[PDB]
């Protein structure tokens, strides 16, 4: 009848998941939040591991993932923060939540915008996802083309509205914003 307890029905009701899936996602939270300290919290030290271990997204954006999972900005991931953040990568999660998330992900230094050197590191990391590693000058052409397409109100930075326009023409930037195993989950 414990501390940190959250009725699964609660999460269930604000997310694509269901009670059983929520209940199931607790099992996995316990694993990740106990590796090193056992305080019902995922320390960033322990996010690394679980991502390095059962590989999900990517190593150099684990600080970026950890950062946007950390919704109530307080340095750790709690269970409901984790379930609500994972729920965004669900197949049926509204595309608004996906676009927004993906933007928070890319705003590398957390400043409310996406700046040209963050577009670049992004584009590099997506390209290397699809096994393409390109010349430094192939890259700043692409990054230049992308940046003036995106930066509609012409002022050196992409805001959440121009992003939304940009992504509507470039839907593969939010490709990874969905993980299709999350439709029915796999015991382990």
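Residue numbers count along the first chain shown, from 1.
Note on 51 to 59 vs 159 to 167: mean CA B-factor is higher in 51 to 59. For the two regions 42 to 50 and 138 to 146, the entry's Cα B-factors average higher over 42 to 50.
Comparing the listed residues 109, 84, 90, 100, the entry records the largest Cα B-factor for 109. Ranked by Cα temperature factor within the chain, residue 32 sits in the highest third according to the deposited record.
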